[PDB]
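So this block is structure_7.cif, mmCIF, C-alpha atoms:
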data_input
loop_
_atom_site.label_atom_id
_atom_site.label_comp_id
_atom_site.auth_asym_id
_atom_site.auth_seq_id
_atom_site.Cartn_x
_atom_site.Cartn_y
_atom_site.Cartn_z
CA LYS X 5 163.17 -142.57 -185.68
CA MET X 6 161.33 -143.91 -182.61
CA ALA X 7 157.73 -143.62 -183.87
CA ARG X 8 155.92 -142.46 -180.71
CA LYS X 9 152.11 -142.53 -180.39
CA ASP X 10 149.07 -140.22 -180.18
CA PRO X 11 150.92 -137.67 -182.33
CA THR X 12 149.39 -134.63 -184.06
CA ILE X 13 149.99 -133.17 -187.53
CA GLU X 14 147.95 -131.93 -190.51
CA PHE X 15 147.35 -132.73 -194.19
CA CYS X 16 150.75 -131.03 -194.55
CA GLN X 17 152.40 -133.04 -191.72
CA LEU X 18 150.74 -136.49 -191.82
CA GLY X 19 153.76 -138.80 -191.60
CA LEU X 20 152.36 -141.84 -193.43
CA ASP X 21 154.48 -143.87 -195.87
CA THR X 22 154.73 -147.54 -196.88
CA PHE X 23 155.73 -149.42 -193.76
CA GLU X 24 154.19 -146.41 -191.93
CA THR X 25 151.60 -148.17 -189.75
CA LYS X 26 150.74 -145.47 -187.16
CA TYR X 27 148.12 -143.20 -185.67
CA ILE X 28 147.75 -139.42 -186.11
CA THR X 29 145.60 -136.68 -184.51
CA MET X 30 144.04 -134.08 -186.83
CA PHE X 31 141.63 -131.13 -186.43
CA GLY X 32 138.90 -129.87 -188.80
CA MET X 33 135.56 -128.03 -189.08
CA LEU X 34 133.81 -130.86 -190.96
CA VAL X 35 133.18 -130.70 -194.72
CA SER X 36 130.87 -133.67 -195.42
CA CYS X 37 129.25 -136.61 -193.58
CA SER X 38 127.07 -139.61 -194.49
CA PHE X 39 124.71 -141.60 -192.23
CA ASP X 40 124.52 -144.53 -194.68
CA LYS X 41 126.83 -147.11 -193.06
CA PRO X 42 124.63 -148.85 -190.49
CA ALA X 43 127.73 -149.65 -188.39
CA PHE X 44 128.99 -146.06 -188.20
CA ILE X 45 129.07 -142.67 -189.96
CA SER X 46 131.60 -141.51 -192.59
CA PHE X 47 132.55 -137.86 -193.16
CA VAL X 48 135.54 -135.93 -194.53
CA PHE X 49 137.48 -133.15 -192.83
CA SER X 50 139.53 -130.44 -194.55
CA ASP X 51 141.24 -127.01 -194.30
CA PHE X 52 144.07 -126.30 -191.82
CA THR X 53 146.70 -126.90 -194.55
CA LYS X 54 147.19 -129.01 -197.71
CA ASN X 55 147.48 -132.80 -198.08
CA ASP X 56 149.96 -134.31 -200.57
CA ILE X 57 148.93 -137.94 -200.29
CA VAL X 58 147.33 -139.91 -203.07
CA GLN X 59 144.51 -141.21 -200.89
CA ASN X 60 141.41 -142.28 -202.87
CA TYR X 61 138.32 -140.55 -204.31
CA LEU X 62 137.16 -138.57 -201.25
CA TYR X 63 133.79 -136.88 -201.87
CA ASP X 64 135.09 -133.58 -200.44
CA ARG X 65 133.01 -130.37 -200.57
CA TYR X 66 133.29 -126.75 -201.80
CA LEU X 67 131.83 -125.38 -198.52
CA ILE X 68 129.90 -122.09 -198.83
CA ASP X 69 132.29 -119.91 -200.89
CA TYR X 70 132.48 -121.41 -204.41
CA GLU X 71 135.80 -119.67 -205.00
CA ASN X 72 138.41 -120.55 -202.34
CA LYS X 73 136.63 -123.90 -201.86
CA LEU X 74 139.30 -126.34 -200.60
CA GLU X 75 140.45 -129.15 -202.91
CA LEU X 76 140.81 -132.93 -202.73
CA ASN X 77 144.33 -132.03 -201.57
CA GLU X 78 143.16 -130.62 -198.21
CA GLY X 79 140.48 -132.87 -196.65
CA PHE X 80 140.16 -136.67 -196.31
CA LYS X 81 137.64 -139.38 -195.36
CA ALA X 82 137.16 -141.16 -192.01
CA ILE X 83 134.64 -143.32 -190.10
CA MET X 84 133.79 -143.88 -186.41
CA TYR X 85 131.33 -146.27 -184.69
CA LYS X 86 128.01 -144.49 -184.04
CA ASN X 87 128.30 -145.01 -180.26
CA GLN X 88 131.67 -143.26 -180.42
CA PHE X 89 130.03 -140.71 -182.72
CA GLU X 90 127.14 -139.92 -180.33
CA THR X 91 129.66 -138.81 -177.70
CA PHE X 92 131.52 -136.61 -180.21
CA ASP X 93 128.19 -135.18 -181.38
CA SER X 94 126.30 -134.97 -178.06
CA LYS X 95 129.23 -133.05 -176.55
CA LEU X 96 129.09 -130.90 -179.68
CA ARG X 97 125.30 -130.41 -179.70
CA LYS X 98 125.91 -128.49 -176.45
CA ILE X 99 127.99 -125.97 -178.36
CA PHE X 100 125.20 -125.76 -180.93
CA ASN X 101 121.85 -127.53 -180.36
CA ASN X 102 121.63 -130.57 -182.63
CA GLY X 103 123.88 -133.30 -184.07
CA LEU X 104 125.65 -133.04 -187.45
CA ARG X 105 122.75 -135.20 -188.65
CA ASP X 106 120.34 -132.43 -187.71
CA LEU X 107 122.49 -129.67 -189.18
CA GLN X 108 122.19 -131.36 -192.60
CA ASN X 109 118.85 -129.59 -192.91
CA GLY X 110 118.88 -131.12 -196.41
CA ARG X 111 118.75 -134.74 -197.60
CA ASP X 112 121.18 -134.32 -200.48
CA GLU X 113 123.14 -131.62 -198.60
CA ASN X 114 126.46 -131.45 -196.73
CA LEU X 115 127.82 -129.58 -193.67
CA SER X 116 130.59 -126.94 -193.79
CA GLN X 117 129.02 -123.55 -192.99
CA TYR X 118 129.00 -123.96 -189.19
CA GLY X 119 132.53 -123.94 -187.72
CA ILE X 120 132.59 -127.32 -185.93
CA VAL X 121 136.34 -127.29 -185.20
CA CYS X 122 137.30 -130.59 -183.52
CA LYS X 123 140.32 -132.88 -183.05
CA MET X 124 140.37 -136.65 -183.59
CA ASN X 125 142.65 -139.67 -183.42
CA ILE X 126 142.77 -141.84 -186.53
CA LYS X 127 144.44 -145.17 -187.21
CA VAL X 128 145.77 -144.62 -190.72
CA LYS X 129 147.87 -146.62 -193.13
CA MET X 130 148.02 -147.79 -196.75
CA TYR X 131 145.60 -150.30 -198.29
CA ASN X 132 145.61 -150.31 -202.10
CA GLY X 133 148.45 -147.79 -202.53
CA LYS X 134 147.02 -144.68 -200.83
CA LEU X 135 146.37 -143.50 -197.25
CA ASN X 136 143.31 -145.04 -195.54
CA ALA X 137 142.26 -143.46 -192.21
CA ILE X 138 139.78 -144.45 -189.48
CA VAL X 139 138.87 -141.84 -186.83
CA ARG X 140 138.34 -143.11 -183.27
CA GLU X 141 138.01 -139.83 -181.35
CA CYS X 142 136.41 -136.44 -182.13
CA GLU X 143 136.01 -133.50 -179.73
CA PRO X 144 134.81 -130.19 -181.14
CA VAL X 145 135.89 -127.08 -179.26
CA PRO X 146 134.42 -123.57 -179.22
CA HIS X 147 137.29 -121.09 -179.63
CA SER X 148 138.46 -119.75 -176.25
CA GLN X 149 138.42 -123.17 -174.55
CA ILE X 150 140.35 -124.93 -177.34
CA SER X 151 143.49 -123.74 -175.59
CA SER X 152 142.20 -125.65 -172.55
CA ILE X 153 141.30 -128.81 -174.48
CA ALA X 154 143.94 -128.94 -177.23
CA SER X 155 147.64 -128.95 -176.27
CA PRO X 156 149.69 -125.79 -176.84
CA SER X 157 150.92 -124.92 -180.36
CA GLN X 158 147.95 -126.87 -181.77
CA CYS X 159 145.69 -124.34 -180.02
CA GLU X 160 147.36 -121.30 -181.63
CA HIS X 161 146.91 -122.71 -185.16
CA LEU X 162 143.20 -123.00 -184.35
CA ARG X 163 143.14 -119.32 -183.33
CA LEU X 164 144.99 -118.13 -186.45
CA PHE X 165 142.86 -120.59 -188.44
CA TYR X 166 139.91 -118.31 -187.63
CA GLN X 167 141.91 -115.26 -188.72
CA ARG X 168 143.09 -116.93 -191.95
CA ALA X 169 139.68 -118.44 -192.80
CA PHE X 170 137.77 -115.25 -191.96
CA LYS X 171 139.58 -113.47 -194.82
CA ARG X 172 139.71 -116.43 -197.24
CA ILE X 173 136.11 -117.50 -196.52
CA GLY X 174 135.06 -113.94 -197.45
CA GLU X 175 132.68 -111.73 -195.44
CA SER X 176 130.14 -112.36 -198.22
CA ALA X 177 129.57 -115.79 -196.66
CA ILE X 178 129.65 -114.27 -193.15
CA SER X 179 126.50 -112.41 -194.27
CA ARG X 180 124.79 -115.66 -195.28
CA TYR X 181 124.91 -117.03 -191.71
CA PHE X 182 126.37 -114.25 -189.57
CA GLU X 183 124.70 -115.75 -186.47
CA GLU X 184 126.61 -119.01 -186.97
CA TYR X 185 129.99 -117.32 -187.60
CA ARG X 186 129.46 -114.31 -185.28
CA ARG X 187 129.61 -116.81 -182.38
CA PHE X 188 132.86 -114.97 -181.53
CA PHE X 189 134.29 -111.50 -182.27
CA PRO X 190 132.19 -108.66 -183.70
CA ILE X 191 131.04 -108.73 -187.34
#
Can you give me the file's structure in the form of structure tokens?
Amino acid sequence: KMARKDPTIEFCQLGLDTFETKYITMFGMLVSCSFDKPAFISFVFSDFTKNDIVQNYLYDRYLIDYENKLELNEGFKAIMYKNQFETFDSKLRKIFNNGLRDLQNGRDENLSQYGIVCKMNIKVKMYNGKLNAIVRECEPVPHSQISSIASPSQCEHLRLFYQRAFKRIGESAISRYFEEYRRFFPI
């Protein structure tokens, strides 16, 4: 093909390969993050669809519901310089109040019950035989403005993503943090 740039797909439409060597934009609500790396933070996204790559370990997370919890074949790992992370978070803290680091509310805990939907650009490629990915951008959107921040088509999937996750996630969880999920629509 021609291999353009700044594309956009999902765990089901990556595009990687062997000679691959490209960049891809993906969305996500955040499933796990770690503030260990002193040069940046590393977290893993998930949902939206299903990955088929071999990738590596990938901590991953079973989010709130311990039933439909996604699988290693849905989310992946990524890292971004803290300075580039502050921007992604500070802009996000405005939609919430604190940074993913504050939402941890638990040393040995992970994030996933909030709804931080955001897009990001990652430079991915193979390394030892799987798909390594490094995120450079990350802008979390609310729900009605996503269609004003994310291009068309990609904005609809986000809308239906709330309709498909609302049923799969299970109202049971909606009762655990209604305030967080009630952010939009009645519940």
Q | Picked residues, the PyMOL selection byres ((chain X and resi 49-53) around 7), as a PyMOL selection string | A | chain X and resi 14-16+32-35+47-48+54-55+74+78-81+165
(Q) Quick check, in Å to one decimal: how far apart do CA of residue 149 (chain X) and CA of residue 46 (chain X) lie? (A) 26.6 Å
Q) Nearest to residue 153 (chain X) among X:19, X:122, X:9, X:69, with distances taken over all atoms listed in the file: which residue is it? A) X:122
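The nearest approach to residue 183 (chain X) among the residues X:77, X:129, X:100, X:109, with all atoms listed in the file taken into account, belongs to X:100.
You can rank X:155, X:12, X:25, X:87 by their closest distance to residue 137 (chain X) using only C-alpha atoms, and at the top of that list sits X:25.
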Counting only C-alpha atoms, note down every residue that has an atom within 12 Å of the point (123.2, -133.4, -190.8) (file coordinates), as a short mmCIF file (atom, residue, chain, number, x, y, z; two decimals) with C-alpha atoms, in the frame of the given file.
data_model
loop_
_atom_site.label_atom_id
_atom_site.label_comp_id
_atom_site.auth_asym_id
_atom_site.auth_seq_id
_atom_site.Cartn_x
_atom_site.Cartn_y
_atom_site.Cartn_z
CA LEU X 34 133.81 -130.86 -190.96
CA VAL X 35 133.18 -130.70 -194.72
CA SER X 36 130.87 -133.67 -195.42
CA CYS X 37 129.25 -136.61 -193.58
CA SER X 38 127.07 -139.61 -194.49
CA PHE X 39 124.71 -141.60 -192.23
CA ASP X 40 124.52 -144.53 -194.68
CA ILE X 45 129.07 -142.67 -189.96
CA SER X 46 131.60 -141.51 -192.59
CA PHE X 47 132.55 -137.86 -193.16
CA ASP X 93 128.19 -135.18 -181.38
CA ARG X 97 125.30 -130.41 -179.70
CA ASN X 102 121.63 -130.57 -182.63
CA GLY X 103 123.88 -133.30 -184.07
CA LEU X 104 125.65 -133.04 -187.45
CA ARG X 105 122.75 -135.20 -188.65
CA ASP X 106 120.34 -132.43 -187.71
CA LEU X 107 122.49 -129.67 -189.18
CA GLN X 108 122.19 -131.36 -192.60
CA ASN X 109 118.85 -129.59 -192.91
CA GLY X 110 118.88 -131.12 -196.41
CA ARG X 111 118.75 -134.74 -197.60
CA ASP X 112 121.18 -134.32 -200.48
CA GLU X 113 123.14 -131.62 -198.60
CA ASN X 114 126.46 -131.45 -196.73
CA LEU X 115 127.82 -129.58 -193.67
CA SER X 116 130.59 -126.94 -193.79
CA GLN X 117 129.02 -123.55 -192.99
CA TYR X 118 129.00 -123.96 -189.19
#
Q: Identify which of the residues X:83, X:120, X:142, X:96 lies closest to residue 29 (chain X), counting only C-alpha atoms when measuring atom-to-atom distances.
A: X:142
**Q.** Straight-line distance linking CA of residue 163 (chain X) with CA of residue 175 (chain X), stated in Å to one decimal
**A.** 17.7 Å
(Q) With the PyMOL selection byres ((chain X and resi 138) around 9) as the selection, what would be picked from this file? Answer as a VMD selection string, please. (A) chain X and resid 81 to 84 125 to 128 136 to 137 139 to 140
**Q.** Å distance separating CA of residue 99 (chain X) from CA of residue 145 (chain X), one decimal place
**A.** 8.0 Å
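Remark: for residue 67 (chain X), the closest of the candidate residues X:92, X:17, X:191, X:119 is X:119 (distances computed over only C-alpha atoms).
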Q.
Under the rule that only C-alpha atoms are counted, which of X:43, X:58, X:121, X:130 is the nearest residue to residue 22 (chain X)?
A. X:130
Q | Selection dump of the PyMOL selection byres ((chain X and resi 178) around 12), as a VMD selection string | A | chain X and resid 68 to 69 117 to 119 169 to 177 179 to 187 190 to 191
